[PDB]
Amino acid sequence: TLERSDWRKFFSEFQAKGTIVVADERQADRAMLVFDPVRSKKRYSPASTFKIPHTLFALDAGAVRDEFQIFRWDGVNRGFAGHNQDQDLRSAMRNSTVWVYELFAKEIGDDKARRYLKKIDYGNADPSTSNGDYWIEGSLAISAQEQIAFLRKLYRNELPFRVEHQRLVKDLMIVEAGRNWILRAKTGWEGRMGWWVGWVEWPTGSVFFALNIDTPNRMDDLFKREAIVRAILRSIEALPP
């Protein structure tokens, strides 16, 4: 992995402290690019980025049939606007609707989660929790480098789930596309730090990214997750201007 310490200008452009790993598969044998290589190997809670593997778990276990199943909302104003309504997989992914995945969690075995996480070697694969949900308030942790490794498995259909379920999750991740490019990504926010992970597919190959930053300013820092990544991806012609 090649260290791009010059990428500090992008984090400073938005007054943030964080890391990013970028794996550029356009052409061949390009070095993996990293800002802050030590932090890039530090494990953090995946927070809402866990909805990527969590959806694979729920599909593989039968907690959700497909993209057309509607999950009826219990009528309790429990999050924000997009959470307080009936959900399908796409709305839950786009709005980061926590209560759908809480429902998936209880239906999935607590032992199944362990067997799942270990079968894919996701971070430390430890869903031990004391109170909250194990993917945000628990032992489960994964580094940026480990997110890249996981996303490439999903991209290559190499994960030990039905290829149909891998394809569905990759479709649910779509946040933007042009005629020549497709961006698939998911944000996460743990409270004190935050994520944006995913990749953008071009004709000549795909560019994977995993960024985490600290979020001392809480909500006012959330835009920085995408803003830093987009500036870096644009700098390497991985997103249009």
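Quick note: we count residues from 1 along the sequence shown, nothing fancier.
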Would 16-24 or 216-224 have the larger average of its C-alpha temperature factors, as given in the entry?
216-224
On average, are the C-alpha B-factors higher in 61-69 or in 175-183?
61-69
In this PDB entry, which of 168, 93, 144, 120 has the top CA B-factor?
120
Among 31, 38, 200, 197, single out the one with the highest C-alpha B factor in the record, please.
31
Could you look up the Cα B-factor of residue 135 in the entry and say which third of the chain it sits in: lowest, middle or highest?
highest
Relative to the other modelled residues of the same chain, rank the CA B-factor of residue 101 and answer lowest, middle or highest third.
middle
Is residue 149 in the lowest, middle or highest third of its chain when residues are ranked by C-alpha B-factor?
lowest
Quick check on the deposited entry: does the C-alpha B-factor of residue 163 sit in the lowest, middle or highest third of its chain?
middle
